[PDB]
Structures are given as structure tokens and as C-alpha cells.
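In C-alpha cells, the next block holds one chain alone, the form solved without the named molecule.
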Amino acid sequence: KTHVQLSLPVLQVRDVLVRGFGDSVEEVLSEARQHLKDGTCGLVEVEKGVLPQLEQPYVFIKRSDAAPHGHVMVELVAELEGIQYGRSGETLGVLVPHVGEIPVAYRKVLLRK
């Protein structure tokens, strides 16, 4: 399937134990996609002070369309030293590995895979 319905656990930035997916734009997009497939991917909602507490490169989910079955359509865009790889809509948050942190909410998304 080109799209997969996911429910992503929303994590508080200060709870996150593994603060990025790796060391290159290509690696973080790779790892993010693997974790999304394996149900081991969390979402941190971006506000003032959040991104400097996480590791670059960043992986965002961005709204790709204006929402089947409550699931917002999203795609992956990476960022490293102020350059983004991809072009999409508004940021829903930054993806991180999920290793058992307690979420505050779930974000229903339809991921372009």
C-alpha cells in the first residue's frame, strides 16, 4: 500500500531517551521509515525550545493534503543545518525513536510510504 494508517504516540521532549534517528539526512529518513513500519516511532510536537533539545538531522511529519477516517495525510521531510530535504505542508511534529516513554496523546496519520 502507498499509504499506511498509523497512530503515533505523542511524547514530551524531556521524556525522550533517544533524541534522533542518526547522523545523515539519508540515515534519519531511513531509520524513521523503519520505526514507523515497526510501530517504534514517537512524535514530539514542535514549540519554542523543543528542537534544540533534539539531535540533528531532524525528521518532520508534514501535512501532504487537506483526512481519511480521522488520519491526516503526512510525508517525511528531513532538516540539517537549516536545509530541508523534501517539500510539504505544515509540521505536525518531529519524529523520534519510541523506547517505552509514556505518551500524552496519539496522532492518527496516513503515512505516504
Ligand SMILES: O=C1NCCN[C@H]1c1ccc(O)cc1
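Residue indices: 1-based, along the sequence shown.
The next section is about a form of this same protein that is not shown, the form deposited with the named molecule bound.
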query: Binding-site state, shown form vs the named molecule in the deposited bound form, superposed, 3 or more atoms under 2.4 Å of backbone or C-beta; finding: open
query: In the deposited bound form, the residue from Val72, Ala78, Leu36, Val44 that sits within 4.5 Å of the named molecule by heavy atoms; finding: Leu36
query: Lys113 within 4.5 Å of the named molecule in the deposited bound form, heavy atoms; finding: yes
query: Sequence-ordered list of residues in 1-24 near the named molecule in the deposited bound form, where near means a heavy atom within 4.5 Å; finding: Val4, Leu6
